[PDB]
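Report on the following structure.
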Amino acid sequence: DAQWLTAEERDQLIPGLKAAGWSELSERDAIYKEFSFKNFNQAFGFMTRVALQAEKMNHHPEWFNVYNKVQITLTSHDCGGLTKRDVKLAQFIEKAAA
Amino acid sequence: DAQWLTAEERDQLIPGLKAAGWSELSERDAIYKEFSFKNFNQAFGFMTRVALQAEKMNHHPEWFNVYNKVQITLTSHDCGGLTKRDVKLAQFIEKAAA
Amino acid sequence: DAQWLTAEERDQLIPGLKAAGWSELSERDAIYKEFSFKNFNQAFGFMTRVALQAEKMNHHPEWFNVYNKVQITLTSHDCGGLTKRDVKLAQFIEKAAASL
Amino acid sequence: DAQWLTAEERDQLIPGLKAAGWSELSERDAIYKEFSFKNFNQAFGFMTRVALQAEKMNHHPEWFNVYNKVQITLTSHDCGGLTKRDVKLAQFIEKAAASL
C-alpha cells in the first residue's frame, strides 16, 4: 500500500509494533526502533536479511549501525508519511530480529 | 589450530558435530552438512553471518546454495585435512543456523 | 517471463551471454559461468549484490563458492528450463561482476 | 595500533585521506565521509565488503545508510580517538568504493 495510513489502519497496525518496541517520532510521521544484538556478526546478518527484504519490497530503511546496535527509522519518502509498506517492513524486521 | 586433528581431538570434537547432523566424507578428510531454511532470505542471512566469521578466522567454507538450501563442506586446504579451525567454524555455523 | 525461451528468443538473447563467457550446460536447459575475484571479500560482496537482485526479481541462482571463486548456474526450476528471468539475472550478474 | 595517532602519524597518514574526501570531525577525534552509489544494491554490496573487513580486523565503523547513500565515521571507542586501525579501515573503504 502506497497511500498514507488512515486513522483506522493506524489503530489496527501500530499498537502491535509499539508493543514490540517501536515508537512514533515527534517531528516526522515515521516509526523508530533501536535493536541491540550480541555483536556485529549478528547485527550485520540481521541487516542483510532486512536489505534483501528492502529490495524485494522496493522500500528502504533509514538506519544507523555501530557494532551491535542498529537504529531503524521507517517512513515513506514518496508521500512523506507512514504507509502499509512501512508496517510490512517493520513486521519483517521483527521476524528477522527474533 | 593449523595442524591436522589428532585421534584424541577427533574423538573429543567430532561426535558433537555428528549429533548435530555433520558427516565425514569418504573421499576426503572433510566434514559436510546440508542446512535447510525456510527461504533464501533466511539462507543468505545465515551465509552472511558465516562469511563474516570466515573473514574473522581467515578460514573459508566450500558451499553450494540454491534458494533455501545451503550445503557446506569444511576442510583445511593448506594441510589437506581437518583442523581445529574446521571444528570452530562448524561450531559457529551451528550457532548461526539456530 | 515464466515460459521456456522460444527458438527465436534463444537466437536473440543467448549469443550475447556466450560472448560474455556463459555456456549452455550439456545435461540441463541452463546456463553456467564461473567468476573469479581477487579474494573472498570481493567474491562475497558480489554474491550479496546478486542476492539482493534475486530477492528483487524473486528468481534465484544455483551457486557454489570457495574463497574467490563463484560458479553460477541459472535455470528456472518451476518449469525445468531457461526463461527470460534467467537471462535477466545473467545480465545483472555481468553488471555486478564488472562493478557497474 | 590501539593508541591514538601521534602528531607525526597524523601528518603522515591524514593528508592522503583528506585528499580522498575524508574530513576530521569538529567534535570528535574521528574521520567522516559520505559515499554515494547508483542505488541500494550497490551501496549494500559495498557495506558488505566493509563489514567483512571489519570482522577481519576486529574494528567497526559507525555508519548511516539511506538507499544509495552511506555515511561513515571512523574512530576507536576503546580509547576515544583516532588510531592506526581507523586509518587502515579508511584505506580499505576507499579500495572497496572504487571496486578494487
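Chain labels A, B, ... are given in the sequence in which chains occur in the C-alpha cells; within each chain residues are numbered consecutively from 1, and ligands are likewise numbered from 1 in the order shown.
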
Any idea which chain B residues end up within 7 Å of chain D if we count only C-alpha atoms, as a tab-separated table (two decimals) with N, CA, C and O atoms, in the first residue's frame please?
chain	number	residue	atom	x	y	z
B	52	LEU	N	31.17	-13.51	7.45
B	52	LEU	CA	31.82	-12.62	8.40
B	52	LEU	C	32.78	-13.41	9.28
B	52	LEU	O	33.91	-12.99	9.50
B	55	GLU	N	35.93	-14.52	7.41
B	55	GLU	CA	36.95	-13.46	7.33
B	55	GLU	C	37.61	-13.18	8.68
B	55	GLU	O	38.80	-12.88	8.75
B	56	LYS	N	36.84	-13.28	9.76
B	56	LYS	CA	37.42	-13.15	11.09
B	56	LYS	C	38.49	-14.21	11.34
B	56	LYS	O	39.55	-13.91	11.88

| Counting only C-alpha atoms, which residues from chain C have an atom at most 9 Å from any atom of chain D, and could you show them as a PyMOL selection string? | chain C and resi 38+41-42+44-50+52-53+96+98-100

Please provide chain A as a PDB file with N, CA and C atoms, in the first residue's frame, once it has been superposed on chain B by least squares across all sequentially paired Cα atoms.
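Written out: part_35.pdb:
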ATOM      1  N   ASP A   1      43.917 -23.572  15.532  1.00  0.00           N
ATOM      2  CA  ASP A   1      44.869 -24.663  15.346  1.00  0.00           C
ATOM      3  C   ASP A   1      44.999 -25.031  13.871  1.00  0.00           C
ATOM      4  N   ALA A   2      46.237 -25.113  13.389  1.00  0.00           N
ATOM      5  CA  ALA A   2      46.501 -25.344  11.970  1.00  0.00           C
ATOM      6  C   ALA A   2      47.007 -26.752  11.649  1.00  0.00           C
ATOM      7  N   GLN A   3      47.290 -27.541  12.679  1.00  0.00           N
ATOM      8  CA  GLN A   3      47.759 -28.907  12.465  1.00  0.00           C
ATOM      9  C   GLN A   3      46.572 -29.856  12.332  1.00  0.00           C
ATOM     10  N   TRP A   4      46.771 -30.972  11.636  1.00  0.00           N
ATOM     11  CA  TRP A   4      45.723 -31.981  11.497  1.00  0.00           C
ATOM     12  C   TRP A   4      45.197 -32.382  12.861  1.00  0.00           C
ATOM     13  N   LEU A   5      43.888 -32.591  12.965  1.00  0.00           N
ATOM     14  CA  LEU A   5      43.321 -33.100  14.206  1.00  0.00           C
ATOM     15  C   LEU A   5      43.943 -34.444  14.545  1.00  0.00           C
ATOM     16  N   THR A   6      44.369 -34.592  15.788  1.00  0.00           N
ATOM     17  CA  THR A   6      44.869 -35.871  16.267  1.00  0.00           C
ATOM     18  C   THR A   6      43.686 -36.799  16.510  1.00  0.00           C
ATOM     19  N   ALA A   7      43.966 -38.076  16.738  1.00  0.00           N
ATOM     20  CA  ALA A   7      42.905 -39.024  17.052  1.00  0.00           C
ATOM     21  C   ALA A   7      42.116 -38.593  18.298  1.00  0.00           C
ATOM     22  N   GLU A   8      42.808 -38.172  19.354  1.00  0.00           N
ATOM     23  CA  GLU A   8      42.105 -37.745  20.562  1.00  0.00           C
ATOM     24  C   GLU A   8      41.215 -36.535  20.307  1.00  0.00           C
ATOM     25  N   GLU A   9      41.738 -35.554  19.580  1.00  0.00           N
ATOM     26  CA  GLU A   9      40.953 -34.370  19.238  1.00  0.00           C
ATOM     27  C   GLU A   9      39.704 -34.718  18.439  1.00  0.00           C
ATOM     28  N   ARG A  10      39.849 -35.620  17.477  1.00  0.00           N
ATOM     29  CA  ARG A  10      38.698 -36.055  16.698  1.00  0.00           C
ATOM     30  C   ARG A  10      37.627 -36.654  17.599  1.00  0.00           C
ATOM     31  N   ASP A  11      38.038 -37.494  18.541  1.00  0.00           N
ATOM     32  CA  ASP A  11      37.077 -38.119  19.437  1.00  0.00           C
ATOM     33  C   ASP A  11      36.392 -37.093  20.342  1.00  0.00           C
ATOM     34  N   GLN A  12      37.129 -36.055  20.720  1.00  0.00           N
ATOM     35  CA  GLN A  12      36.596 -35.014  21.588  1.00  0.00           C
ATOM     36  C   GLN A  12      35.612 -34.090  20.871  1.00  0.00           C
ATOM     37  N   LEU A  13      35.883 -33.800  19.603  1.00  0.00           N
ATOM     38  CA  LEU A  13      35.219 -32.691  18.925  1.00  0.00           C
ATOM     39  C   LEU A  13      34.215 -33.096  17.848  1.00  0.00           C
ATOM     40  N   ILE A  14      34.449 -34.224  17.192  1.00  0.00           N
ATOM     41  CA  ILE A  14      33.614 -34.593  16.056  1.00  0.00           C
ATOM     42  C   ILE A  14      32.263 -35.209  16.441  1.00  0.00           C
ATOM     43  N   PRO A  15      32.217 -36.027  17.509  1.00  0.00           N
ATOM     44  CA  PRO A  15      30.912 -36.625  17.822  1.00  0.00           C
ATOM     45  C   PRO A  15      29.802 -35.600  18.053  1.00  0.00           C
ATOM     46  N   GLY A  16      30.112 -34.476  18.685  1.00  0.00           N
ATOM     47  CA  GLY A  16      29.102 -33.456  18.891  1.00  0.00           C
ATOM     48  C   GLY A  16      28.596 -32.887  17.574  1.00  0.00           C
ATOM     49  N   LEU A  17      29.501 -32.710  16.616  1.00  0.00           N
ATOM     50  CA  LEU A  17      29.089 -32.216  15.310  1.00  0.00           C
ATOM     51  C   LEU A  17      28.252 -33.251  14.563  1.00  0.00           C
ATOM     52  N   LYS A  18      28.615 -34.522  14.688  1.00  0.00           N
ATOM     53  CA  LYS A  18      27.827 -35.567  14.053  1.00  0.00           C
ATOM     54  C   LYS A  18      26.418 -35.616  14.635  1.00  0.00           C
ATOM     55  N   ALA A  19      26.308 -35.451  15.949  1.00  0.00           N
ATOM     56  CA  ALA A  19      24.997 -35.423  16.595  1.00  0.00           C
ATOM     57  C   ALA A  19      24.159 -34.274  16.039  1.00  0.00           C
ATOM     58  N   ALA A  20      24.830 -33.200  15.639  1.00  0.00           N
ATOM     59  CA  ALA A  20      24.174 -32.023  15.080  1.00  0.00           C
ATOM     60  C   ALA A  20      23.872 -32.172  13.595  1.00  0.00           C
ATOM     61  N   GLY A  21      24.318 -33.268  12.986  1.00  0.00           N
ATOM     62  CA  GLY A  21      23.988 -33.543  11.599  1.00  0.00           C
ATOM     63  C   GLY A  21      25.135 -33.481  10.605  1.00  0.00           C
ATOM     64  N   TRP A  22      26.344 -33.200  11.084  1.00  0.00           N
ATOM     65  CA  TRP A  22      27.513 -33.218  10.209  1.00  0.00           C
ATOM     66  C   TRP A  22      27.921 -34.658   9.928  1.00  0.00           C
ATOM     67  N   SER A  23      28.487 -34.892   8.751  1.00  0.00           N
ATOM     68  CA  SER A  23      29.027 -36.199   8.403  1.00  0.00           C
ATOM     69  C   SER A  23      30.462 -36.059   7.905  1.00  0.00           C
ATOM     70  N   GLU A  24      31.234 -37.131   8.022  1.00  0.00           N
ATOM     71  CA  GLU A  24      32.573 -37.156   7.451  1.00  0.00           C
ATOM     72  C   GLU A  24      32.505 -37.723   6.039  1.00  0.00           C
ATOM     73  N   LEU A  25      33.150 -37.046   5.099  1.00  0.00           N
ATOM     74  CA  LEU A  25      33.166 -37.513   3.719  1.00  0.00           C
ATOM     75  C   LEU A  25      34.063 -38.736   3.563  1.00  0.00           C
ATOM     76  N   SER A  26      33.759 -39.557   2.565  1.00  0.00           N
ATOM     77  CA  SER A  26      34.506 -40.791   2.340  1.00  0.00           C
ATOM     78  C   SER A  26      35.805 -40.552   1.575  1.00  0.00           C
ATOM     79  N   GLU A  27      35.784 -39.600   0.649  1.00  0.00           N
ATOM     80  CA  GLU A  27      36.906 -39.402  -0.262  1.00  0.00           C
ATOM     81  C   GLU A  27      37.912 -38.369   0.228  1.00  0.00           C
ATOM     82  N   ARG A  28      37.523 -37.597   1.241  1.00  0.00           N
ATOM     83  CA  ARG A  28      38.339 -36.503   1.754  1.00  0.00           C
ATOM     84  C   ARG A  28      38.200 -36.442   3.268  1.00  0.00           C
ATOM     85  N   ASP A  29      39.247 -35.980   3.946  1.00  0.00           N
ATOM     86  CA  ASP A  29      39.174 -35.696   5.376  1.00  0.00           C
ATOM     87  C   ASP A  29      38.496 -34.339   5.544  1.00  0.00           C
ATOM     88  N   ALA A  30      37.168 -34.360   5.514  1.00  0.00           N
ATOM     89  CA  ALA A  30      36.357 -33.155   5.489  1.00  0.00           C
ATOM     90  C   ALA A  30      35.025 -33.486   6.141  1.00  0.00           C
ATOM     91  N   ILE A  31      34.357 -32.474   6.688  1.00  0.00           N
ATOM     92  CA  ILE A  31      33.019 -32.668   7.220  1.00  0.00           C
ATOM     93  C   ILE A  31      31.998 -31.912   6.370  1.00  0.00           C
ATOM     94  N   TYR A  32      30.766 -32.409   6.372  1.00  0.00           N
ATOM     95  CA  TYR A  32      29.727 -31.950   5.464  1.00  0.00           C
ATOM     96  C   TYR A  32      28.378 -31.858   6.161  1.00  0.00           C
ATOM     97  N   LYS A  33      27.601 -30.837   5.821  1.00  0.00           N
ATOM     98  CA  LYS A  33      26.228 -30.766   6.282  1.00  0.00           C
ATOM     99  C   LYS A  33      25.388 -29.926   5.340  1.00  0.00           C
ATOM    100  N   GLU A  34      24.176 -30.398   5.064  1.00  0.00           N
ATOM    101  CA  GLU A  34      23.215 -29.585   4.338  1.00  0.00           C
ATOM    102  C   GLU A  34      22.234 -28.955   5.310  1.00  0.00           C
ATOM    103  N   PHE A  35      22.096 -27.641   5.206  1.00  0.00           N
ATOM    104  CA  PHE A  35      21.149 -26.877   6.007  1.00  0.00           C
ATOM    105  C   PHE A  35      19.960 -26.520   5.142  1.00  0.00           C
ATOM    106  N   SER A  36      18.770 -26.588   5.731  1.00  0.00           N
ATOM    107  CA  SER A  36      17.550 -26.235   5.022  1.00  0.00           C
ATOM    108  C   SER A  36      16.786 -25.190   5.800  1.00  0.00           C
ATOM    109  N   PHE A  37      16.686 -24.001   5.229  1.00  0.00           N
ATOM    110  CA  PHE A  37      15.956 -22.906   5.843  1.00  0.00           C
ATOM    111  C   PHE A  37      14.569 -22.772   5.238  1.00  0.00           C
ATOM    112  N   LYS A  38      13.831 -21.765   5.675  1.00  0.00           N
ATOM    113  CA  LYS A  38      12.514 -21.543   5.123  1.00  0.00           C
ATOM    114  C   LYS A  38      12.603 -21.057   3.679  1.00  0.00           C
ATOM    115  N   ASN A  39      13.581 -20.202   3.423  1.00  0.00           N
ATOM    116  CA  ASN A  39      13.634 -19.462   2.173  1.00  0.00           C
ATOM    117  C   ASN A  39      15.042 -18.919   1.974  1.00  0.00           C
ATOM    118  N   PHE A  40      15.248 -18.208   0.873  1.00  0.00           N
ATOM    119  CA  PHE A  40      16.555 -17.648   0.552  1.00  0.00           C
ATOM    120  C   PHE A  40      16.914 -16.475   1.458  1.00  0.00           C
ATOM    121  N   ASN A  41      15.926 -15.696   1.888  1.00  0.00           N
ATOM    122  CA  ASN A  41      16.225 -14.601   2.792  1.00  0.00           C
ATOM    123  C   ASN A  41      16.927 -15.127   4.056  1.00  0.00           C
ATOM    124  N   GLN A  42      16.364 -16.167   4.661  1.00  0.00           N
ATOM    125  CA  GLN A  42      16.983 -16.788   5.831  1.00  0.00           C
ATOM    126  C   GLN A  42      18.336 -17.409   5.470  1.00  0.00           C
ATOM    127  N   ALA A  43      18.382 -18.136   4.362  1.00  0.00           N
ATOM    128  CA  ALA A  43      19.609 -18.827   3.974  1.00  0.00           C
ATOM    129  C   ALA A  43      20.751 -17.849   3.729  1.00  0.00           C
ATOM    130  N   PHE A  44      20.469 -16.754   3.029  1.00  0.00           N
ATOM    131  CA  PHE A  44      21.528 -15.820   2.700  1.00  0.00           C
ATOM    132  C   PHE A  44      21.945 -14.965   3.905  1.00  0.00           C
ATOM    133  N   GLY A  45      21.004 -14.626   4.783  1.00  0.00           N
ATOM    134  CA  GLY A  45      21.395 -14.000   6.035  1.00  0.00           C
ATOM    135  C   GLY A  45      22.355 -14.874   6.828  1.00  0.00           C
ATOM    136  N   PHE A  46      22.049 -16.166   6.877  1.00  0.00           N
ATOM    137  CA  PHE A  46      22.912 -17.158   7.506  1.00  0.00           C
ATOM    138  C   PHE A  46      24.276 -17.208   6.815  1.00  0.00           C
ATOM    139  N   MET A  47      24.276 -17.266   5.485  1.00  0.00           N
ATOM    140  CA  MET A  47      25.547 -17.264   4.760  1.00  0.00           C
ATOM    141  C   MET A  47      26.362 -16.017   5.073  1.00  0.00           C
ATOM    142  N   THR A  48      25.695 -14.876   5.211  1.00  0.00           N
ATOM    143  CA  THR A  48      26.413 -13.652   5.535  1.00  0.00           C
ATOM    144  C   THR A  48      27.084 -13.746   6.904  1.00  0.00           C
ATOM    145  N   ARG A  49      26.376 -14.286   7.892  1.00  0.00           N
ATOM    146  CA  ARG A  49      26.989 -14.467   9.203  1.00  0.00           C
ATOM    147  C   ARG A  49      28.215 -15.380   9.124  1.00  0.00           C
ATOM    148  N   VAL A  50      28.101 -16.448   8.346  1.00  0.00           N
ATOM    149  CA  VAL A  50      29.219 -17.372   8.162  1.00  0.00           C
ATOM    150  C   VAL A  50      30.370 -16.702   7.412  1.00  0.00           C
ATOM    151  N   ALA A  51      30.039 -15.874   6.425  1.00  0.00           N
ATOM    152  CA  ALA A  51      31.061 -15.176   5.657  1.00  0.00           C
ATOM    153  C   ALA A  51      31.861 -14.221   6.555  1.00  0.00           C
ATOM    154  N   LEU A  52      31.167 -13.513   7.451  1.00  0.00           N
ATOM    155  CA  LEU A  52      31.821 -12.618   8.396  1.00  0.00           C
ATOM    156  C   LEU A  52      32.776 -13.406   9.279  1.00  0.00           C
ATOM    157  N   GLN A  53      32.324 -14.553   9.774  1.00  0.00           N
ATOM    158  CA  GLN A  53      33.168 -15.388  10.618  1.00  0.00           C
ATOM    159  C   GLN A  53      34.350 -15.949   9.834  1.00  0.00           C
ATOM    160  N   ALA A  54      34.111 -16.312   8.575  1.00  0.00           N
ATOM    161  CA  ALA A  54      35.181 -16.804   7.716  1.00  0.00           C
ATOM    162  C   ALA A  54      36.300 -15.781   7.584  1.00  0.00           C
ATOM    163  N   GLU A  55      35.932 -14.517   7.409  1.00  0.00           N
ATOM    164  CA  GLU A  55      36.948 -13.463   7.333  1.00  0.00           C
ATOM    165  C   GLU A  55      37.609 -13.175   8.679  1.00  0.00           C
ATOM    166  N   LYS A  56      36.843 -13.277   9.756  1.00  0.00           N
ATOM    167  CA  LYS A  56      37.419 -13.152  11.090  1.00  0.00           C
ATOM    168  C   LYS A  56      38.488 -14.213  11.340  1.00  0.00           C
ATOM    169  N   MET A  57      38.198 -15.451  10.935  1.00  0.00           N
ATOM    170  CA  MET A  57      39.079 -16.599  11.172  1.00  0.00           C
ATOM    171  C   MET A  57      40.106 -16.826  10.073  1.00  0.00           C
ATOM    172  N   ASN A  58      39.933 -16.140   8.949  1.00  0.00           N
ATOM    173  CA  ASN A  58      40.650 -16.464   7.720  1.00  0.00           C
ATOM    174  C   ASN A  58      40.560 -17.954   7.392  1.00  0.00           C
ATOM    175  N   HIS A  59      39.335 -18.463   7.375  1.00  0.00           N
ATOM    176  CA  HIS A  59      39.091 -19.867   7.097  1.00  0.00           C
ATOM    177  C   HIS A  59      37.740 -19.959   6.405  1.00  0.00           C
ATOM    178  N   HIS A  60      37.713 -20.546   5.211  1.00  0.00           N
ATOM    179  CA  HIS A  60      36.545 -20.426   4.347  1.00  0.00           C
ATOM    180  C   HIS A  60      35.871 -21.742   4.000  1.00  0.00           C
ATOM    181  N   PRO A  61      34.539 -21.725   3.921  1.00  0.00           N
ATOM    182  CA  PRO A  61      33.807 -22.943   3.575  1.00  0.00           C
ATOM    183  C   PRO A  61      33.831 -23.207   2.079  1.00  0.00           C
ATOM    184  N   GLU A  62      33.593 -24.460   1.709  1.00  0.00           N
ATOM    185  CA  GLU A  62      33.164 -24.795   0.359  1.00  0.00           C
ATOM    186  C   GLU A  62      31.669 -24.940   0.453  1.00  0.00           C
ATOM    187  N   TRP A  63      30.917 -24.125  -0.270  1.00  0.00           N
ATOM    188  CA  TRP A  63      29.475 -24.205  -0.105  1.00  0.00           C
ATOM    189  C   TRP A  63      28.687 -23.998  -1.370  1.00  0.00           C
ATOM    190  N   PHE A  64      27.558 -24.688  -1.409  1.00  0.00           N
ATOM    191  CA  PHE A  64      26.611 -24.609  -2.503  1.00  0.00           C
ATOM    192  C   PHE A  64      25.293 -24.109  -1.945  1.00  0.00           C
ATOM    193  N   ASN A  65      24.629 -23.230  -2.676  1.00  0.00           N
ATOM    194  CA  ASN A  65      23.311 -22.760  -2.268  1.00  0.00           C
ATOM    195  C   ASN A  65      22.359 -22.776  -3.442  1.00  0.00           C
ATOM    196  N   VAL A  66      21.132 -23.200  -3.181  1.00  0.00           N
ATOM    197  CA  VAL A  66      20.024 -22.921  -4.087  1.00  0.00           C
ATOM    198  C   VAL A  66      18.795 -22.629  -3.232  1.00  0.00           C
ATOM    199  N   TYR A  67      18.292 -21.409  -3.368  1.00  0.00           N
ATOM    200  CA  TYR A  67      17.144 -20.960  -2.591  1.00  0.00           C
ATOM    201  C   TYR A  67      17.377 -21.170  -1.083  1.00  0.00           C
ATOM    202  N   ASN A  68      16.639 -22.090  -0.466  1.00  0.00           N
ATOM    203  CA  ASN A  68      16.684 -22.275   0.976  1.00  0.00           C
ATOM    204  C   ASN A  68      17.704 -23.306   1.458  1.00  0.00           C
ATOM    205  N   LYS A  69      18.415 -23.937   0.529  1.00  0.00           N
ATOM    206  CA  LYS A  69      19.357 -24.990   0.891  1.00  0.00           C
ATOM    207  C   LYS A  69      20.792 -24.491   0.839  1.00  0.00           C
ATOM    208  N   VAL A  70      21.575 -24.820   1.861  1.00  0.00           N
ATOM    209  CA  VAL A  70      22.997 -24.477   1.873  1.00  0.00           C
ATOM    210  C   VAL A  70      23.789 -25.727   2.244  1.00  0.00           C
ATOM    211  N   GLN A  71      24.624 -26.214   1.322  1.00  0.00           N
ATOM    212  CA  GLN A  71      25.461 -27.384   1.587  1.00  0.00           C
ATOM    213  C   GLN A  71      26.870 -26.914   1.889  1.00  0.00           C
ATOM    214  N   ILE A  72      27.398 -27.302   3.043  1.00  0.00           N
ATOM    215  CA  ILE A  72      28.692 -26.802   3.489  1.00  0.00           C
ATOM    216  C   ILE A  72      29.674 -27.943   3.692  1.00  0.00           C
ATOM    217  N   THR A  73      30.851 -27.820   3.085  1.00  0.00           N
ATOM    218  CA  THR A  73      31.941 -28.768   3.296  1.00  0.00           C
ATOM    219  C   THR A  73      33.100 -28.003   3.921  1.00  0.00           C
ATOM    220  N   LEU A  74      33.621 -28.533   5.024  1.00  0.00           N
ATOM    221  CA  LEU A  74      34.736 -27.907   5.734  1.00  0.00           C
ATOM    222  C   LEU A  74      35.953 -28.803   5.751  1.00  0.00           C
ATOM    223  N   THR A  75      37.077 -28.245   5.324  1.00  0.00           N
ATOM    224  CA  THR A  75      38.368 -28.899   5.451  1.00  0.00           C
ATOM    225  C   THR A  75      39.430 -27.823   5.290  1.00  0.00           C
ATOM    226  N   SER A  76      40.656 -28.122   5.696  1.00  0.00           N
ATOM    227  CA  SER A  76      41.709 -27.127   5.636  1.00  0.00           C
ATOM    228  C   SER A  76      42.613 -27.444   4.460  1.00  0.00           C
ATOM    229  N   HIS A  77      42.525 -26.632   3.411  1.00  0.00           N
ATOM    230  CA  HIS A  77      43.231 -26.910   2.163  1.00  0.00           C
ATOM    231  C   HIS A  77      44.745 -26.735   2.276  1.00  0.00           C
ATOM    232  N   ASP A  78      45.190 -25.972   3.269  1.00  0.00           N
ATOM    233  CA  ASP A  78      46.617 -25.693   3.428  1.00  0.00           C
ATOM    234  C   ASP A  78      47.411 -26.887   3.962  1.00  0.00           C
ATOM    235  N   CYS A  79      46.715 -27.855   4.546  1.00  0.00           N
ATOM    236  CA  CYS A  79      47.364 -29.069   5.029  1.00  0.00           C
ATOM    237  C   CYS A  79      46.622 -30.319   4.566  1.00  0.00           C
ATOM    238  N   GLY A  80      45.518 -30.117   3.853  1.00  0.00           N
ATOM    239  CA  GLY A  80      44.776 -31.213   3.256  1.00  0.00           C
ATOM    240  C   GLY A  80      44.084 -32.149   4.232  1.00  0.00           C
ATOM    241  N   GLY A  81      43.450 -31.584   5.257  1.00  0.00           N
ATOM    242  CA  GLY A  81      42.711 -32.377   6.222  1.00  0.00           C
ATOM    243  C   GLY A  81      41.969 -31.516   7.226  1.00  0.00           C
ATOM    244  N   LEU A  82      41.310 -32.160   8.184  1.00  0.00           N
ATOM    245  CA  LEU A  82      40.571 -31.437   9.214  1.00  0.00           C
ATOM    246  C   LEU A  82      41.503 -30.860  10.255  1.00  0.00           C
ATOM    247  N   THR A  83      41.214 -29.633  10.677  1.00  0.00           N
ATOM    248  CA  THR A  83      41.946 -28.988  11.755  1.00  0.00           C
ATOM    249  C   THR A  83      40.957 -28.397  12.745  1.00  0.00           C
ATOM    250  N   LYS A  84      41.476 -27.832  13.834  1.00  0.00           N
ATOM    251  CA  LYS A  84      40.606 -27.199  14.815  1.00  0.00           C
ATOM    252  C   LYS A  84      39.879 -25.997  14.224  1.00  0.00           C
ATOM    253  N   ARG A  85      40.452 -25.398  13.187  1.00  0.00           N
ATOM    254  CA  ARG A  85      39.777 -24.296  12.510  1.00  0.00           C
ATOM    255  C   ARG A  85      38.460 -24.762  11.901  1.00  0.00           C
ATOM    256  N   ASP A  86      38.453 -25.966  11.337  1.00  0.00           N
ATOM    257  CA  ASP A  86      37.228 -26.513  10.758  1.00  0.00           C
ATOM    258  C   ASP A  86      36.193 -26.774  11.839  1.00  0.00           C
ATOM    259  N   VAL A  87      36.640 -27.296  12.973  1.00  0.00           N
ATOM    260  CA  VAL A  87      35.728 -27.546  14.082  1.00  0.00           C
ATOM    261  C   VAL A  87      35.127 -26.233  14.587  1.00  0.00           C
ATOM    262  N   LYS A  88      35.976 -25.231  14.787  1.00  0.00           N
ATOM    263  CA  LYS A  88      35.488 -23.950  15.278  1.00  0.00           C
ATOM    264  C   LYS A  88      34.514 -23.300  14.301  1.00  0.00           C
ATOM    265  N   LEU A  89      34.796 -23.398  13.007  1.00  0.00           N
ATOM    266  CA  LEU A  89      33.877 -22.830  12.038  1.00  0.00           C
ATOM    267  C   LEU A  89      32.552 -23.593  12.032  1.00  0.00           C
ATOM    268  N   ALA A  90      32.612 -24.924  12.121  1.00  0.00           N
ATOM    269  CA  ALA A  90      31.392 -25.723  12.198  1.00  0.00           C
ATOM    270  C   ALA A  90      30.552 -25.348  13.418  1.00  0.00           C
ATOM    271  N   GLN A  91      31.214 -25.153  14.557  1.00  0.00           N
ATOM    272  CA  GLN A  91      30.503 -24.777  15.772  1.00  0.00           C
ATOM    273  C   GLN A  91      29.846 -23.413  15.622  1.00  0.00           C
ATOM    274  N   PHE A  92      30.539 -22.481  14.977  1.00  0.00           N
ATOM    275  CA  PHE A  92      29.920 -21.194  14.704  1.00  0.00           C
ATOM    276  C   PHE A  92      28.719 -21.352  13.775  1.00  0.00           C
ATOM    277  N   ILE A  93      28.893 -22.125  12.712  1.00  0.00           N
ATOM    278  CA  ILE A  93      27.807 -22.349  11.764  1.00  0.00           C
ATOM    279  C   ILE A  93      26.564 -22.879  12.482  1.00  0.00           C
ATOM    280  N   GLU A  94      26.760 -23.795  13.429  1.00  0.00           N
ATOM    281  CA  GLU A  94      25.641 -24.320  14.214  1.00  0.00           C
ATOM    282  C   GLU A  94      24.917 -23.219  14.992  1.00  0.00           C
ATOM    283  N   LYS A  95      25.680 -22.302  15.581  1.00  0.00           N
ATOM    284  CA  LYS A  95      25.097 -21.156  16.273  1.00  0.00           C
ATOM    285  C   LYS A  95      24.305 -20.278  15.298  1.00  0.00           C
ATOM    286  N   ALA A  96      24.890 -19.990  14.139  1.00  0.00           N
ATOM    287  CA  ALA A  96      24.251 -19.097  13.176  1.00  0.00           C
ATOM    288  C   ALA A  96      22.972 -19.706  12.608  1.00  0.00           C
ATOM    289  N   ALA A  97      22.963 -21.021  12.431  1.00  0.00           N
ATOM    290  CA  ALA A  97      21.808 -21.699  11.844  1.00  0.00           C
ATOM    291  C   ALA A  97      20.645 -21.768  12.818  1.00  0.00           C
ATOM    292  N   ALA A  98      20.965 -21.706  14.105  1.00  0.00           N
ATOM    293  CA  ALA A  98      19.969 -21.775  15.161  1.00  0.00           C
ATOM    294  C   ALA A  98      19.268 -20.431  15.308  1.00  0.00           C
TER     295      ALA A  98
END

| message | Report, in Å to a single decimal, how far apart atom CA of residue 22 of chain D and atom CA of residue 34 of chain D are. | response |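 For atom CA of residue 34 of chain D relative to atom CA of residue 22 of chain D, the distance reads 8.3 Å.
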
| request: Run DSSP on the backbone and grab whatever in chain D lands in strand (DSSP E or B); send it over as a list in words. | output: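 Strand (DSSP E or B) assignments inside chain D correspond to residues 4, 23, 24, 31, 32, 33, 34, 35, 36, 62, 63, 64, 65, 66, 69, 70, 71, 72, 73, 74, 76, 81 and 83 of chain D.
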
| field | Computed interatomic separation between atom CA of residue 29 of chain C and atom CA of residue 70 of chain C (Å) | value |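 Atom-to-atom, atom CA of residue 29 of chain C to atom CA of residue 70 of chain C, that is 19.9 Å.
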
| query | Residues at most 7 Å from segment 73-81 of chain C, counting only C-alpha atoms, excluding those fewer than 3 positions away in the same chain, as a list in words? | reply |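 Final neighbour list, sorted by chain and number: residues 4, 29, 30, 31, 32, 33, 61, 62, 63 and 86 of chain C.
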
| query | What is the atom CA of residue 9 of chain D-atom CA of residue 95 of chain D distance in Å, reported with one decimal? | reply |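 Separating atom CA of residue 9 of chain D from atom CA of residue 95 of chain D is a distance of 21.0 Å.
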
| Among chain B, which residues carry a DSSP assignment of helix (DSSP H, G or I), reported as a VMD selection string? | chain B and resid 7 to 19 40 to 57 84 to 97
